[PDB]
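Enquirer: Dropping in target.cif, which is mmCIF, N, CA and C atoms and all ligand atoms:
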data_entry
#
loop_
_atom_site.group_PDB
_atom_site.id
_atom_site.type_symbol
_atom_site.label_atom_id
_atom_site.label_comp_id
_atom_site.auth_asym_id
_atom_site.auth_seq_id
_atom_site.Cartn_x
_atom_site.Cartn_y
_atom_site.Cartn_z
ATOM 1 N N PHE E 347 297.306 218.449 206.877
ATOM 2 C CA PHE E 347 297.535 217.366 207.816
ATOM 3 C C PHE E 347 298.456 217.841 208.933
ATOM 4 N N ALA E 348 298.801 216.918 209.819
ATOM 5 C CA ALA E 348 299.674 217.207 210.943
ATOM 6 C C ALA E 348 301.077 216.678 210.679
ATOM 7 N N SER E 349 302.045 217.264 211.375
ATOM 8 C CA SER E 349 303.416 216.795 211.281
ATOM 9 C C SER E 349 303.555 215.435 211.956
ATOM 10 N N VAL E 350 304.616 214.715 211.583
ATOM 11 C CA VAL E 350 304.792 213.352 212.072
ATOM 12 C C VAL E 350 305.115 213.338 213.564
ATOM 13 N N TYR E 351 305.796 214.366 214.071
ATOM 14 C CA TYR E 351 306.085 214.428 215.497
ATOM 15 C C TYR E 351 304.893 214.894 216.321
ATOM 16 N N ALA E 352 303.836 215.380 215.678
ATOM 17 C CA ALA E 352 302.613 215.827 216.334
ATOM 18 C C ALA E 352 301.402 215.220 215.642
ATOM 19 N N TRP E 353 301.444 213.901 215.454
ATOM 20 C CA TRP E 353 300.431 213.182 214.690
ATOM 21 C C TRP E 353 299.059 213.299 215.340
ATOM 22 N N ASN E 354 298.025 213.360 214.505
ATOM 23 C CA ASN E 354 296.683 213.683 214.975
ATOM 24 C C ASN E 354 295.867 212.414 215.170
ATOM 25 N N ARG E 355 295.255 212.275 216.343
ATOM 26 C CA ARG E 355 294.441 211.115 216.681
ATOM 27 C C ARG E 355 292.982 211.529 216.802
ATOM 28 N N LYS E 356 292.102 210.806 216.113
ATOM 29 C CA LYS E 356 290.683 211.121 216.064
ATOM 30 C C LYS E 356 289.866 209.862 216.319
ATOM 31 N N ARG E 357 288.826 209.989 217.139
ATOM 32 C CA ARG E 357 287.948 208.870 217.455
ATOM 33 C C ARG E 357 286.817 208.788 216.440
ATOM 34 N N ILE E 358 286.493 207.570 216.011
ATOM 35 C CA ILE E 358 285.455 207.331 215.018
ATOM 36 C C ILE E 358 284.397 206.429 215.638
ATOM 37 N N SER E 359 283.141 206.871 215.600
ATOM 38 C CA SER E 359 282.061 206.115 216.219
ATOM 39 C C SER E 359 280.742 206.438 215.534
ATOM 40 N N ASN E 360 279.814 205.478 215.624
ATOM 41 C CA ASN E 360 278.448 205.580 215.102
ATOM 42 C C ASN E 360 278.436 205.884 213.603
ATOM 43 N N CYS E 361 279.020 204.971 212.832
ATOM 44 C CA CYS E 361 279.081 205.150 211.390
ATOM 45 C C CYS E 361 279.139 203.786 210.720
ATOM 46 N N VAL E 362 279.006 203.789 209.395
ATOM 47 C CA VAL E 362 279.043 202.576 208.585
ATOM 48 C C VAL E 362 280.243 202.665 207.653
ATOM 49 N N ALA E 363 281.174 201.723 207.792
ATOM 50 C CA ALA E 363 282.424 201.747 207.035
ATOM 51 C C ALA E 363 282.195 201.062 205.695
ATOM 52 N N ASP E 364 281.898 201.862 204.675
ATOM 53 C CA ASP E 364 281.640 201.340 203.340
ATOM 54 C C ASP E 364 282.901 201.263 202.491
ATOM 55 N N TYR E 365 283.721 202.316 202.523
ATOM 56 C CA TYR E 365 285.009 202.465 201.838
ATOM 57 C C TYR E 365 284.974 202.192 200.334
ATOM 58 N N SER E 366 283.785 202.113 199.742
ATOM 59 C CA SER E 366 283.654 202.045 198.295
ATOM 60 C C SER E 366 283.484 203.418 197.671
ATOM 61 N N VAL E 367 283.247 204.446 198.489
ATOM 62 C CA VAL E 367 283.164 205.816 197.994
ATOM 63 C C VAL E 367 284.532 206.422 197.745
ATOM 64 N N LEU E 368 285.598 205.762 198.184
ATOM 65 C CA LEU E 368 286.957 206.224 197.959
ATOM 66 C C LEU E 368 287.546 205.703 196.657
ATOM 67 N N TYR E 369 286.789 204.911 195.896
ATOM 68 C CA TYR E 369 287.327 204.331 194.672
ATOM 69 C C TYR E 369 287.472 205.369 193.569
ATOM 70 N N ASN E 370 286.676 206.433 193.615
ATOM 71 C CA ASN E 370 286.714 207.462 192.584
ATOM 72 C C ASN E 370 287.724 208.557 192.892
ATOM 73 N N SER E 371 287.893 208.902 194.168
ATOM 74 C CA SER E 371 288.716 210.051 194.524
ATOM 75 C C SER E 371 290.198 209.695 194.588
ATOM 76 N N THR E 372 290.570 208.791 195.491
ATOM 77 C CA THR E 372 291.967 208.539 195.803
ATOM 78 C C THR E 372 292.347 207.099 195.494
ATOM 79 N N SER E 373 293.613 206.911 195.130
ATOM 80 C CA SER E 373 294.206 205.594 194.954
ATOM 81 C C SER E 373 295.324 205.433 195.971
ATOM 82 N N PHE E 374 295.319 204.313 196.686
ATOM 83 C CA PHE E 374 296.233 204.091 197.796
ATOM 84 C C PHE E 374 297.413 203.254 197.327
ATOM 85 N N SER E 375 298.622 203.786 197.501
ATOM 86 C CA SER E 375 299.819 203.040 197.143
ATOM 87 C C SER E 375 300.145 201.962 198.165
ATOM 88 N N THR E 376 299.876 202.214 199.445
ATOM 89 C CA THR E 376 300.157 201.249 200.499
ATOM 90 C C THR E 376 298.887 200.988 201.290
ATOM 91 N N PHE E 377 298.541 199.712 201.455
ATOM 92 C CA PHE E 377 297.372 199.331 202.242
ATOM 93 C C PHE E 377 297.638 197.959 202.843
ATOM 94 N N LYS E 378 297.912 197.918 204.143
ATOM 95 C CA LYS E 378 298.184 196.665 204.835
ATOM 96 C C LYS E 378 297.269 196.544 206.042
ATOM 97 N N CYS E 379 297.020 195.307 206.464
ATOM 98 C CA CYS E 379 296.187 195.060 207.630
ATOM 99 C C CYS E 379 296.798 193.951 208.470
ATOM 100 N N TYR E 380 296.737 194.123 209.788
ATOM 101 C CA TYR E 380 297.319 193.206 210.754
ATOM 102 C C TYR E 380 296.226 192.737 211.699
ATOM 103 N N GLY E 381 296.116 191.421 211.865
ATOM 104 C CA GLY E 381 295.125 190.833 212.735
ATOM 105 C C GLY E 381 293.797 190.526 212.082
ATOM 106 N N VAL E 382 293.593 190.941 210.836
ATOM 107 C CA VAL E 382 292.344 190.695 210.125
ATOM 108 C C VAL E 382 292.635 190.714 208.629
ATOM 109 N N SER E 383 292.041 189.769 207.902
ATOM 110 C CA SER E 383 292.197 189.737 206.459
ATOM 111 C C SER E 383 291.391 190.862 205.811
ATOM 112 N N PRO E 384 291.899 191.441 204.718
ATOM 113 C CA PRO E 384 291.180 192.550 204.067
ATOM 114 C C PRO E 384 289.819 192.175 203.508
ATOM 115 N N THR E 385 289.643 190.941 203.034
ATOM 116 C CA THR E 385 288.378 190.553 202.423
ATOM 117 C C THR E 385 287.269 190.323 203.438
ATOM 118 N N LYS E 386 287.588 190.261 204.727
ATOM 119 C CA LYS E 386 286.598 190.049 205.771
ATOM 120 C C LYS E 386 286.150 191.347 206.424
ATOM 121 N N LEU E 387 286.544 192.496 205.873
ATOM 122 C CA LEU E 387 286.230 193.775 206.498
ATOM 123 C C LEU E 387 284.761 194.150 206.364
ATOM 124 N N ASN E 388 284.076 193.668 205.331
ATOM 125 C CA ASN E 388 282.673 194.003 205.134
ATOM 126 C C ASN E 388 281.737 193.191 206.016
ATOM 127 N N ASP E 389 282.245 192.180 206.718
ATOM 128 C CA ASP E 389 281.417 191.282 207.510
ATOM 129 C C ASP E 389 281.634 191.459 209.007
ATOM 130 N N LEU E 390 282.236 192.569 209.425
ATOM 131 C CA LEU E 390 282.655 192.744 210.805
ATOM 132 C C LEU E 390 282.128 194.054 211.364
ATOM 133 N N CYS E 391 281.980 194.089 212.685
ATOM 134 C CA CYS E 391 281.631 195.294 213.420
ATOM 135 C C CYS E 391 282.683 195.525 214.493
ATOM 136 N N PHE E 392 283.184 196.751 214.576
ATOM 137 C CA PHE E 392 284.264 197.092 215.484
ATOM 138 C C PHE E 392 283.709 197.786 216.724
ATOM 139 N N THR E 393 284.600 198.089 217.668
ATOM 140 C CA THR E 393 284.206 198.660 218.949
ATOM 141 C C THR E 393 284.717 200.084 219.131
ATOM 142 N N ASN E 394 286.026 200.305 219.019
ATOM 143 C CA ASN E 394 286.603 201.641 219.177
ATOM 144 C C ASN E 394 287.622 201.845 218.061
ATOM 145 N N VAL E 395 287.246 202.620 217.055
ATOM 146 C CA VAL E 395 288.115 202.883 215.918
ATOM 147 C C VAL E 395 288.833 204.205 216.139
ATOM 148 N N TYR E 396 290.156 204.179 216.021
ATOM 149 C CA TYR E 396 290.979 205.372 216.174
ATOM 150 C C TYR E 396 291.778 205.593 214.900
ATOM 151 N N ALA Z 397 297.961 182.105 180.185
ATOM 152 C CA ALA Z 397 298.509 183.442 180.369
ATOM 153 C C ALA Z 397 297.389 184.461 180.233
ATOM 154 N N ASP Z 398 297.159 185.232 181.290
ATOM 155 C CA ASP Z 398 296.170 186.303 181.294
ATOM 156 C C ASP Z 398 296.909 187.631 181.306
ATOM 157 N N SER Z 399 296.647 188.464 180.308
ATOM 158 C CA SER Z 399 297.369 189.711 180.123
ATOM 159 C C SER Z 399 296.404 190.886 180.129
ATOM 160 N N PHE Z 400 296.838 191.979 180.760
ATOM 161 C CA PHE Z 400 296.090 193.233 180.752
ATOM 162 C C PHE Z 400 297.028 194.376 181.128
ATOM 163 N N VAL Z 401 296.467 195.584 181.174
ATOM 164 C CA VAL Z 401 297.191 196.802 181.520
ATOM 165 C C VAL Z 401 296.440 197.496 182.648
ATOM 166 N N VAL Z 402 297.159 197.846 183.715
ATOM 167 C CA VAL Z 402 296.557 198.442 184.900
ATOM 168 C C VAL Z 402 297.457 199.591 185.344
ATOM 169 N N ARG Z 403 296.901 200.472 186.175
ATOM 170 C CA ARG Z 403 297.644 201.581 186.754
ATOM 171 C C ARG Z 403 298.773 201.071 187.648
ATOM 172 N N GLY Z 404 299.807 201.901 187.800
ATOM 173 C CA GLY Z 404 300.965 201.525 188.591
ATOM 174 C C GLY Z 404 300.702 201.418 190.078
ATOM 175 N N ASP Z 405 299.688 202.114 190.583
ATOM 176 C CA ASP Z 405 299.339 202.012 191.993
ATOM 177 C C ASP Z 405 298.471 200.802 192.300
ATOM 178 N N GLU Z 406 297.917 200.149 191.282
ATOM 179 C CA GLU Z 406 297.018 199.023 191.469
ATOM 180 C C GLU Z 406 297.682 197.683 191.187
ATOM 181 N N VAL Z 407 299.009 197.659 191.043
ATOM 182 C CA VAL Z 407 299.712 196.401 190.819
ATOM 183 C C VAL Z 407 299.679 195.532 192.069
ATOM 184 N N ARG Z 408 299.615 196.150 193.251
ATOM 185 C CA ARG Z 408 299.566 195.397 194.497
ATOM 186 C C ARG Z 408 298.270 194.616 194.665
ATOM 187 N N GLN Z 409 297.219 194.967 193.924
ATOM 188 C CA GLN Z 409 295.948 194.268 194.036
ATOM 189 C C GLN Z 409 295.910 192.964 193.254
ATOM 190 N N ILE Z 410 296.914 192.685 192.428
ATOM 191 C CA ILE Z 410 296.959 191.423 191.674
ATOM 192 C C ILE Z 410 297.690 190.428 192.567
ATOM 193 N N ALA Z 411 296.944 189.854 193.507
ATOM 194 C CA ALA Z 411 297.444 188.907 194.492
ATOM 195 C C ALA Z 411 296.256 188.210 195.140
ATOM 196 N N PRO Z 412 296.405 186.970 195.605
ATOM 197 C CA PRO Z 412 295.282 186.302 196.272
ATOM 198 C C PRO Z 412 294.960 186.949 197.609
ATOM 199 N N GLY Z 413 293.666 187.115 197.869
ATOM 200 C CA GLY Z 413 293.204 187.688 199.113
ATOM 201 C C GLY Z 413 293.212 189.199 199.179
ATOM 202 N N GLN Z 414 293.535 189.883 198.087
ATOM 203 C CA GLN Z 414 293.564 191.335 198.096
ATOM 204 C C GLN Z 414 292.162 191.907 197.921
ATOM 205 N N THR Z 415 292.036 193.198 198.217
ATOM 206 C CA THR Z 415 290.791 193.924 198.028
ATOM 207 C C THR Z 415 291.104 195.282 197.420
ATOM 208 N N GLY Z 416 290.077 195.927 196.909
ATOM 209 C CA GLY Z 416 290.239 197.201 196.244
ATOM 210 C C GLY Z 416 289.214 197.342 195.133
ATOM 211 N N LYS Z 417 289.611 198.053 194.082
ATOM 212 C CA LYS Z 417 288.754 198.263 192.925
ATOM 213 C C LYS Z 417 289.008 197.258 191.813
ATOM 214 N N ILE Z 418 290.275 196.964 191.520
ATOM 215 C CA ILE Z 418 290.594 195.975 190.497
ATOM 216 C C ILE Z 418 290.249 194.573 190.979
ATOM 217 N N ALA Z 419 290.538 194.275 192.246
ATOM 218 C CA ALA Z 419 290.333 192.929 192.763
ATOM 219 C C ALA Z 419 288.867 192.604 193.003
ATOM 220 N N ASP Z 420 288.002 193.609 193.088
ATOM 221 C CA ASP Z 420 286.591 193.377 193.368
ATOM 222 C C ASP Z 420 285.721 193.379 192.122
ATOM 223 N N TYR Z 421 286.010 194.246 191.154
ATOM 224 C CA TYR Z 421 285.140 194.416 190.002
ATOM 225 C C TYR Z 421 285.775 194.031 188.676
ATOM 226 N N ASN Z 422 287.086 193.823 188.620
ATOM 227 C CA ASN Z 422 287.758 193.605 187.345
ATOM 228 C C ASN Z 422 288.429 192.246 187.239
ATOM 229 N N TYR Z 423 289.291 191.889 188.188
ATOM 230 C CA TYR Z 423 290.079 190.666 188.074
ATOM 231 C C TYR Z 423 290.380 190.139 189.466
ATOM 232 N N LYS Z 424 289.951 188.912 189.748
ATOM 233 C CA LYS Z 424 290.152 188.299 191.052
ATOM 234 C C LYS Z 424 290.814 186.940 190.887
ATOM 235 N N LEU Z 425 291.789 186.654 191.754
ATOM 236 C CA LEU Z 425 292.548 185.418 191.808
ATOM 237 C C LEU Z 425 291.964 184.471 192.850
ATOM 238 N N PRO Z 426 292.038 183.163 192.620
ATOM 239 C CA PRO Z 426 291.568 182.209 193.628
ATOM 240 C C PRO Z 426 292.489 182.175 194.836
ATOM 241 N N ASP Z 427 291.940 181.687 195.951
ATOM 242 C CA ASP Z 427 292.725 181.578 197.176
ATOM 243 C C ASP Z 427 293.807 180.513 197.063
ATOM 244 N N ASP Z 428 293.531 179.421 196.353
ATOM 245 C CA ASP Z 428 294.490 178.337 196.155
ATOM 246 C C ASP Z 428 295.192 178.450 194.811
ATOM 247 N N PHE Z 429 295.471 179.674 194.379
ATOM 248 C CA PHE Z 429 296.083 179.901 193.078
ATOM 249 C C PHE Z 429 297.540 179.458 193.079
ATOM 250 N N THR Z 430 297.929 178.749 192.025
ATOM 251 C CA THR Z 430 299.315 178.369 191.796
ATOM 252 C C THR Z 430 299.773 178.926 190.455
ATOM 253 N N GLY Z 431 300.987 179.461 190.429
ATOM 254 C CA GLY Z 431 301.504 180.120 189.251
ATOM 255 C C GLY Z 431 302.175 181.419 189.618
ATOM 256 N N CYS Z 432 302.488 182.220 188.606
ATOM 257 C CA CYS Z 432 303.312 183.401 188.812
ATOM 258 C C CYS Z 432 302.631 184.644 188.256
ATOM 259 N N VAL Z 433 303.010 185.789 188.818
ATOM 260 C CA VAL Z 433 302.513 187.098 188.415
ATOM 261 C C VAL Z 433 303.709 187.962 188.044
ATOM 262 N N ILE Z 434 303.680 188.527 186.835
ATOM 263 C CA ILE Z 434 304.753 189.359 186.304
ATOM 264 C C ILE Z 434 304.148 190.697 185.911
ATOM 265 N N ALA Z 435 304.839 191.785 186.232
ATOM 266 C CA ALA Z 435 304.352 193.111 185.887
ATOM 267 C C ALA Z 435 305.531 194.040 185.661
ATOM 268 N N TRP Z 436 305.438 194.859 184.615
ATOM 269 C CA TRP Z 436 306.521 195.779 184.289
ATOM 270 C C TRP Z 436 305.972 197.091 183.749
ATOM 271 N N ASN Z 437 306.771 198.145 183.905
ATOM 272 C CA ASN Z 437 306.372 199.477 183.471
ATOM 273 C C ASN Z 437 306.440 199.596 181.955
ATOM 274 N N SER Z 438 305.463 200.294 181.384
ATOM 275 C CA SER Z 438 305.374 200.488 179.942
ATOM 276 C C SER Z 438 304.981 201.928 179.631
ATOM 277 N N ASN Z 439 305.643 202.881 180.289
ATOM 278 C CA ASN Z 439 305.298 204.285 180.102
ATOM 279 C C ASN Z 439 305.708 204.797 178.726
ATOM 280 N N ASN Z 440 306.710 204.182 178.106
ATOM 281 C CA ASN Z 440 307.181 204.604 176.796
ATOM 282 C C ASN Z 440 306.431 203.934 175.654
ATOM 283 N N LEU Z 441 305.459 203.079 175.956
ATOM 284 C CA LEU Z 441 304.688 202.387 174.932
ATOM 285 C C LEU Z 441 303.207 202.719 174.986
ATOM 286 N N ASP Z 442 302.596 202.665 176.165
ATOM 287 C CA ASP Z 442 301.158 202.841 176.301
ATOM 288 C C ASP Z 442 300.756 204.273 176.623
ATOM 289 N N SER Z 443 301.699 205.206 176.651
ATOM 290 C CA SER Z 443 301.411 206.603 176.938
ATOM 291 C C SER Z 443 301.888 207.472 175.787
ATOM 292 N N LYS Z 444 301.121 208.517 175.488
ATOM 293 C CA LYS Z 444 301.437 209.419 174.391
ATOM 294 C C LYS Z 444 301.036 210.834 174.776
ATOM 295 N N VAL Z 445 301.591 211.801 174.045
ATOM 296 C CA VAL Z 445 301.353 213.207 174.340
ATOM 297 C C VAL Z 445 299.920 213.566 173.978
HETATM 298 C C1 LIG E 501 284.446 210.875 189.991
HETATM 299 O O1 LIG E 501 283.588 210.207 189.056
HETATM 300 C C2 LIG E 501 283.108 211.058 188.005
HETATM 301 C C3 LIG E 501 282.141 210.233 187.190
HETATM 302 O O2 LIG E 501 281.584 209.180 187.965
HETATM 303 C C4 LIG E 501 284.286 211.581 187.189
HETATM 304 O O3 LIG E 501 283.806 212.481 186.197
HETATM 305 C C5 LIG E 501 285.285 212.293 188.093
HETATM 306 O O4 LIG E 501 286.436 212.655 187.340
HETATM 307 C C6 LIG E 501 285.693 211.397 189.264
HETATM 308 N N1 LIG E 501 286.563 212.118 190.179
HETATM 309 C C7 LIG E 501 287.886 212.215 190.011
HETATM 310 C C8 LIG E 501 288.626 212.999 191.053
HETATM 311 O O5 LIG E 501 288.460 211.697 189.058
#
Can the structure from this file be put into structure tokens for me?
Ligand SMILES: *[C@@H]1O[C@H](CO)[C@@H](O)[C@H](O)[C@H]1NC(C)=O
Expert:
Amino acid sequence: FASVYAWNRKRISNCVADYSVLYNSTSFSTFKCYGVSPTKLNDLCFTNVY
Amino acid sequence: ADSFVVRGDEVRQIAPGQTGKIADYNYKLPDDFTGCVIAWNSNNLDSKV
């Protein structure tokens, strides 16, 4: 990964956000969302994901 | 009283409106849930060499 003072920004486009493939590999200790409820993420389409 | 044992990183998913693996396929709380949630570490009881 990158250092915190040189954090890495990547553009994400033309994909399907399933996020159920991460259930086997990694477990997340912190997961928060602002401006949108977590349970509504499967019913939405975004514009510019960074 | 509903009792179970879950991983220490998945304790945050026992809450109304949460998402993840436990909250989607194992145990889900209602949105208008009233009551309390208690959780404590049991590494000296449920773990063995
Ligand atoms: C992914 O799942 C398989 C079985 O579905 C399991 O054997 C494997 O251990 C899992 N991956 C990790 C990193 O635990």
Enquirer: Take the PyMOL selection byres (((not hetatm)) within 8 of (chain E and resi 501)), apply it to the structure above, and return the hits as a PyMOL selection string.
Expert: chain E and resi 369-372
Enquirer: Could you tell me which residues of chain E sit within 6.5 Å of chain Z when counting only N, CA and C atoms, and give me the result as a ChimeraX atom specification?
Expert: /E:369,374-375,384-385
Enquirer: What does the distance from atom CA of residue 394 of chain E to atom CA of residue 373 of chain E come to in Å, to one decimal?
Expert: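 Atom CA of residue 373 of chain E lies at a distance of 25.7 Å from atom CA of residue 394 of chain E.
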Enquirer: From a DSSP calculation on the backbone, collect every residue of chain Z in alpha helix (DSSP H) and output the set as a list in words.
Expert: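 Matching residues for alpha helix (DSSP H) in chain Z are residues 418, 419, 420 and 421 of chain Z.
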Enquirer: Please enumerate the residues selected by the PyMOL selection byres (((chain E and resi 358-360) around 6.5) and not hetatm) when evaluated against the supplied file, formatted as a PyMOL selection string.
Expert: chain E and resi 356-357+361-362+394-396
Enquirer: Residues at most 6 Å from residue 425 of chain Z, counting all atoms listed in the file, excluding those fewer than 2 positions away in the same chain, as a PyMOL selection string?
Expert: chain Z and resi 411-413+423+427
Enquirer: Nearest residue to residue 419 of chain Z out of Z:402, Z:431, Z:397, Z:443, using only C-alpha atoms?
Expert: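 Distance minimum relative to residue 419 of chain Z lands on Z:402.
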Enquirer: Between atom CA of residue 444 of chain Z and atom CA of residue 424 of chain Z, measure the distance and give it in Å to one decimal.
Expert: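 These two atoms are separated by 29.2 Å.
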Enquirer: Any idea what the distance is between atom CA of residue 364 of chain E and atom N of residue 410 of chain Z?
Expert: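 Calculated distance between atom CA of residue 364 of chain E and atom N of residue 410 of chain Z is 20.7 Å.
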Enquirer: Let me have the centre and edge lengths in Å, one decimal, of the box along x, y and z around every listed atom of segment 400-419 of chain Z with 4 Å of margin on each side, as lines of an AutoDock Vina configuration file.
Expert:
center_x = 294.9
center_y = 194.2
center_z = 190.0
size_x = 20.2
size_y = 23.8
size_z = 26.4
Enquirer: Just so the selection is clear, what residues does the PyMOL selection byres (((chain Z and resi 436 and name CA) around 12) and not hetatm and name CA) cover here, as a PyMOL selection string?
Expert: chain Z and resi 399-404+407+433-435+437-442
